[PDB]
Amino acid sequence: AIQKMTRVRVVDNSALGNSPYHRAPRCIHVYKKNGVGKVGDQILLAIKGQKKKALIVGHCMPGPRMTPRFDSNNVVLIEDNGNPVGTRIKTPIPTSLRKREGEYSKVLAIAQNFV
Amino acid sequence: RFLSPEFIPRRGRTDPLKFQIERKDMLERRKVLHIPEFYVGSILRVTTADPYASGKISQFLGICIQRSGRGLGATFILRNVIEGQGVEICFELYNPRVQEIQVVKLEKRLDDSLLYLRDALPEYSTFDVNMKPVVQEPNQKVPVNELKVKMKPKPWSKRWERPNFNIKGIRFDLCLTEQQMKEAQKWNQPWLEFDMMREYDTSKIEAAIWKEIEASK
Amino acid sequence: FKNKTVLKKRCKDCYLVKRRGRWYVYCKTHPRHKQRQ
Amino acid sequence: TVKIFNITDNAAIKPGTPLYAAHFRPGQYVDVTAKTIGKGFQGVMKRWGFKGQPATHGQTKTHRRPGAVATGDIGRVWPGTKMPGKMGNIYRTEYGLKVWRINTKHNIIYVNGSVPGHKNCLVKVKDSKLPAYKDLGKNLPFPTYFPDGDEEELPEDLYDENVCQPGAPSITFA
Amino acid sequence: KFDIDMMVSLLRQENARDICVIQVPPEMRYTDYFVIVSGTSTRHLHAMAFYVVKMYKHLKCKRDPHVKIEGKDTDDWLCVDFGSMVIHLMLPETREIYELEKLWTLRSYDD
Amino acid sequence: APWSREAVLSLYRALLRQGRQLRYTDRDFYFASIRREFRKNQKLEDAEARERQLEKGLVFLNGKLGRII
Amino acid sequence: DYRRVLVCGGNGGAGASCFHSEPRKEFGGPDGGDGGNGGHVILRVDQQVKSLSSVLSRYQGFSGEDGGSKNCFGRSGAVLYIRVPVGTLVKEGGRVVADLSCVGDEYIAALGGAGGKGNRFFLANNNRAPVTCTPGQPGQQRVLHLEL
RNA sequence: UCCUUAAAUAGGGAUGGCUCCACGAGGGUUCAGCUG
RNA sequence: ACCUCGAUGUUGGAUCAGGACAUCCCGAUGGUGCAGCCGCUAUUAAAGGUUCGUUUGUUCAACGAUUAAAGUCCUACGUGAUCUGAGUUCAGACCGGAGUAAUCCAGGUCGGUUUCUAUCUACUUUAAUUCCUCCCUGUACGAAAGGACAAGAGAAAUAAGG
Ligand SMILES: [Mg+2]
Ligand SMILES: [Mg+2]
Ligand SMILES: [Mg+2]
Ligand SMILES: [Mg+2]
Ligand SMILES: [Mg+2]
Ligand SMILES: [Mg+2]
Ligand SMILES: [Mg+2]
Ligand SMILES: [Mg+2]
Ligand SMILES: [Mg+2]
Ligand SMILES: [Mg+2]
Ligand SMILES: [Mg+2]
Ligand SMILES: [Mg+2]
Ligand SMILES: [Mg+2]
Ligand SMILES: [Mg+2]
Ligand SMILES: [Mg+2]
Ligand SMILES: [Mg+2]
Ligand SMILES: [Mg+2]
Ligand SMILES: [Zn+2]
């Protein structure tokens, strides 16, 4: 569950995600009627003093059985259109993303590992 | 004789017929899927069919950090780190879509719950994905791994040092001061091991369950 | 329709009819002329 | 417990006749009514999900209390105002629960989801009244299921089509 | 049936400027075929994606659930995920900047 | 610099051979991709990157991690 | 292919001139809120719009509301966006304001007047009971020549 | 007008005039952490 | 200046809201300078709903991000025997100003006690909504751009009840 103000880890190849900054990326908005983001939900993110959309691809909060619970709240940066900003995702990405409603094919294509 | 935990019911007012029915279903599924004996701390590889794909199997290897639930809903959550990312999965034992459960390394740990591995060093959760299964002698008590893990800095998911957790597998002397340990002792509750009415005697229940299992065989 | 306190026929085909209790200016040719009292 | 069921004369059954779980069938939809779990006198926060008041920042002796109960003008409290009081222990009905399976040996009905009331409480079970399930009684035993009829001794377990029966080979989404 | 043969036939019929196919091994829990195709422009991409989707819809597999079309709002990359195959339509610059080929052939042996 | 002088050339030969029976993909694009991979990089690496490059090329040849059809 | 339209930027709201009084401070001082700025007007390009046939009449930008009591400011007028085809030349009476070509290319065609100041704006240690009520400045209004 | 925030009615900076060493249950602002 | 000066500060906020409709969204319609989508306008509709943050004591406002929408109001500017006291208001002190001074100030600032055990009335268990995706269907319409109705399925989310 990623809400507003959660510090999230950008698991992505993008320069924004991988560049140092005095402030850790924070969720600014959860694109969901209840501001609670799960895997597959989009969120605004304050990176490097910039507003950027991103996709949740894993979180510490337990989910339904058979699905992975990660040690960190992992997020992937995406453009407003939806193209992922980075070109590679290193850490494992849950396979449950595939059947969820919404566009995830680009993220799955960029993903290296699945869990 | 290892009676899998899920068969033993938690005490309550629920009717025994419900447990008989649930055990019937559990055993009748076990006839199809071989649920091996394993304990919290043993390394397991679980193969499960993915509905997201089209009849394709997924394998996850990790250390069983908790055995929870009773009856048909019983689960075990097992942990690992993949590319430096700690991942835990809670697997339902009797889910029709777990194709296989392999006990790669059958062993017991000092604690019945290894949830503190989240706060332990990542090395203690890392397990080779392709590790080969070790072999235990047919007649042999399950090994008890007396490993005491080293913890990462004090801010932890839970106050593991507190007595109510009763953790024996953590090297507290390394991370916590004697003052901190003494402070944690303020929650000791020594009477809690001596209140005889709190103890749950399951000898008769286990005997009846064993009779049921043997009859099913 | 347009609500008017005084109804005025605009073209030749605007006709007054009292329907459901009130007056209306209907018009086949120019439905823009539709008025309701 | 004795519960009254409204029926058409077509379905009258002689008093004294037993009824069995197989009176229902898998895939049917059912309504289950029972007394909910009695929680006794419960405050407004638990009974009605009121937000209560903040824990700190000065609040004195008001954390779980109802706020204003009405406006100043009416000079009374409207009937039906949400106030602390007894919660639960009232009859509630869950509608449209699917019957997933029937154990004829022990007369067990497996009803989808949750049912009101505690374990070992008597629930009144009837064919669902929802419009979507208005005329699904064609294939159900109309008056009731009569084992004495012995038209076909039912299996020990009747399953709905989609249920992953235990003992079947592990499902593969091929 | 609706298979990779039908996919490639339709794509060549509409004359995709470039086609590539990857046989995804079973142990990878995504799909069976990874089709990557380039196109002239966003209009061309949309046209061919709509065409192949209509063909899938009308051909067969009524019991098989319908299929999304992802990337409509973006102009340089669309993608359609079928039951056992996934097609990634894009432009040459998007393809060369994302190098999906190396990703999906060299799973852990690229940058 | 590489594992062996002929290893890379034999690898390229094997890739082209395996493309000979290429069926579904665009043969010309496949050849262009191989040429790019083996020309834009394999001129002036250091001695250490050669081992990694030839290893990844060999894995691609094997195709157990996904093959081009 | 050629069109003349009239725009009218929003007029700022007018400030208020009130005075506050409450049970233990009868002379609570100036209590007039500022008026809200008028709404800007903007021309924007759309690939969907083919020509200037779907044009209209005086595009009136919304006016900011007036200041209220309790120092309540007035809501600034909402921004009105006009839409035009790609590749539209916008001119004033000879002067060329913008050649709008790109999708979504947008230009401010008429600013909105600054809102008036309420009497509390003029409160100071020197001026303890201002009554001055500055009206909202008007917004730029002009005719636009549109040609593709 | 600049920095600080995604957003900054807040904060910081572009005899007299300055210089705050240290101190402060003083009054503001802030990083990080911590937390019902 | 008509009631209340023989213990009722006030503003905001919290809690809980009752109501009006002059409707912000959702519903049904007429017209259009509505081809379609879209708007604009008007009739009808009050069952339901009507966000979270930064500055500021703020109501407002600006700004950021959303939303189907972030409606206008009344209710002792609803509601302190339910809460809070940040502005303002009492005794302290500065800055600026007036004053010979004492003192004062519609100004700026730092600080500053919020009692009540309920007698009576009243009251304390009275058929969901929206959005998105998909099908229809990139079909109608349209030169194109663009893009529907109506009907149906699936997902969520919220609300209510368990
Ligand atoms: Mg910034
Ligand atoms: Mg925690
Ligand atoms: Mg609370
Ligand atoms: Mg308290
Ligand atoms: Mg602040
Ligand atoms: Mg001192
Ligand atoms: Mg008089
Ligand atoms: Mg009196
Ligand atoms: Mg009305
Ligand atoms: Mg009034
Ligand atoms: Mg105060
Ligand atoms: Mg004073
Ligand atoms: Mg003052
Ligand atoms: Mg003060
Ligand atoms: Mg103090
Ligand atoms: Mg009080
Ligand atoms: Mg009381
Ligand atoms: Zn007429």
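Within every chain, numbering begins at 1; the chains are lettered A, B, ... in the order of the sequence lines, protein sequences first and strands thereafter.
Here the closest non-hydrogen pair linking B:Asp119 and B:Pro155 is OD1-O, 4.4 Å. For A:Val10 against A:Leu77, the heavy-atom pair with the smallest separation is CG1-CG, 3.6 Å. What you find for B:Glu161 and B:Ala184 is that their closest heavy atoms are CG-CB, 3.5 Å.
Summarising the base pairing, I:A153 is matched to I:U133 through a Watson-Crick or G-U wobble pair whose two defining distances lie under 3.5 Å. Figure legend. I:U8 is base-paired to no nucleotide; pairs are counted as Watson-Crick or G-U wobble with both atom distances under 3.5 Å.
A Watson-Crick or G-U wobble pair links I:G71 to I:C21, both relevant atom distances lying under 3.5 Å. Taken together, I:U82 and I:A14 qualify as a Watson-Crick or G-U wobble pair under the 3.5 Å criterion applied to both distances. Between I:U58 and I:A20, the two key atom distances do not both fall under 3.5 Å in a Watson-Crick or G-U wobble layout, so no such pair is counted.
Side chain D:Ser114 to base I:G162: a donor-acceptor pair is found below 3.5 Å. On a pure distance criterion of 3.5 Å, no polar donor-acceptor pair joins the side chain of G:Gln47 and the base of I:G146. For a distance-only test at 3.5 Å, the side chain of D:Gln53 fails to qualify as a donor-acceptor partner of the base of I:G13. One donor-acceptor pair, N or O on each side, does fall under 3.5 Å between the base of I:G138 and the side chain of E:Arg43. Scanning atom types as modelled, no donor and acceptor separated by under 3.5 angstrom connect the side chain of A:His29 and the base of I:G64. Counting distance only, with no hydrogens placed and no angle test, the side-chain atoms of D:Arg76 and the base atoms of I:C123 include no donor-acceptor pair under 3.5 Å.
Across all strands, G:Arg24 comes closer than 4.0 Å to base atoms (heavy-atom distances). As judged by a 4.0 angstrom heavy-atom cut-off over every strand, D:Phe50 is placed among residues touching the sugar-phosphate backbone only. No engagement by A:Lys99 is indicated, since no non-hydrogen atom pair under 4.0 Å with the nucleic acid exists. Among the heavy atoms of the strands, none lies under 4.0 Å from D:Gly113. Across all strands, G:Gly33 comes closer than 4.0 Å to no nucleic acid atom at all (heavy-atom distances). Within the nucleic acid shown, G:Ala129 comes within 4.0 Å of at least one base atom, counting heavy atoms only. Counting non-hydrogen atoms under 4.0 angstrom, G:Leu56 reaches the backbone sugars and phosphates but no base. D:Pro84 comes within 4.0 angstrom of a nucleotide base, judged by non-hydrogen atoms across all strands. Residue G:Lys70 is classed as a base contact, given a heavy-atom separation below 4.0 Å to a base.
Ring centroids of D:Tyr95 and D:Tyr29 are separated by 6.0 Å or more, keeping the two rings apart.
Cation-pi contact between C:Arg19 and C:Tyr26: present, with separation from the ring centre below 6.0 Å and deviation from the ring axis of at most 45°. Annotation: cation-pi pair G:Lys117/G:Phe122 absent, no NZ/CZ under 6.0 Å from the ring centroid and within 45° of its normal. Geometrically, B:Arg159 does not engage B:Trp156 in a cation-pi contact, judged by NZ or CZ lying under 6.0 Å from the ring centre and within 45° of the ring axis.
Atom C1' of I:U72 sits at a distance of 42 Å from the matching atom of I:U113, rounded to the whole Å. Going from the P atom of I:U43 to that of I:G152 covers 32 Å, rounded to whole Å. Separation of the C1' atoms belonging to I:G92 and I:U55 is 31 Å when rounded to the nearest angstrom. I:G49 sits 13 Å from I:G161 when the P atoms are compared, rounded to a whole Å. Atom name P, nucleotides I:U130 and I:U29: the rounded distance is 16 Å, in whole Å.
For A:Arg23, whose side chain is taken as the heavy atoms from C-beta onward, the closest listed nucleotide among I:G78, I:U43, H:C31 is H:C31. Set against I:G33, I:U59, I:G154, the side chain of C:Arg32 has I:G33 as its closest nucleotide. Between I:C83, I:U66, I:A106, one nucleotide has an atom nearer to the side chain of A:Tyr31 than all others, and that is I:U66. The side chain of G:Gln48 sits closest to I:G146 out of I:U88, I:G9, I:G146. Side-chain proximity of D:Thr71 to the nucleotides I:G78, I:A157, I:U89 is greatest for I:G78.
I:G85 has its base syn relative to the sugar, with a glycosidic angle deviating from 0 by at most 90°. A syn base is found at I:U137: its glycosidic angle is within 90° of 0.
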Under 3.5 Å, which N/O atoms of the protein pair with N/O atoms of nucleotides 33-35 of chain H?
unit_1 : atom_1 : unit_2 : atom_2 : d
H:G33  : OP2    : A:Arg7 : NH1    : 3.3

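Because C1'-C2'-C3'-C4' is negative for I:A46, its sugar is assigned to the south class. The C1'-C2'-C3'-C4' torsion of I:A106 is negative, so its sugar falls on the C2'-endo, or south, side. Because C1'-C2'-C3'-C4' is negative for I:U114, its sugar is assigned to the south class.
For D:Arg65 and I:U84, the CZ to P distance is 10 Å, given to the nearest whole Å. In this structure, the CZ atom of C:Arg22 is 8 Å from the P atom of I:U44, given to the nearest Å. Rounded to an integer number of Å, the gap from CD of E:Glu14 to P of I:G138 is 17 Å.
Toward the 5' end of RNA chain H, the nearer of the two residues A:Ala24 and A:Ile47, judged by each one's closest nucleotide, is A:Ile47.
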Query raised in the report: Going through the distances and angles, do A:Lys53 and A:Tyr31 end up as a side chain to side chain donor-acceptor pair (under 3.5 Å)?
Result: CA-CA 9 Å; A:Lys53 294 184 189 292; A:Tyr31 286 105; 2.6 Å; yes

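Among pairs with a residue in residues 118-129 of chain G, those fulfilling side-chain hydrogen bond (donor to acceptor under 3.5 Å, both in side chains) read G:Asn125-G:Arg128, at least two apart in sequence or across chains.
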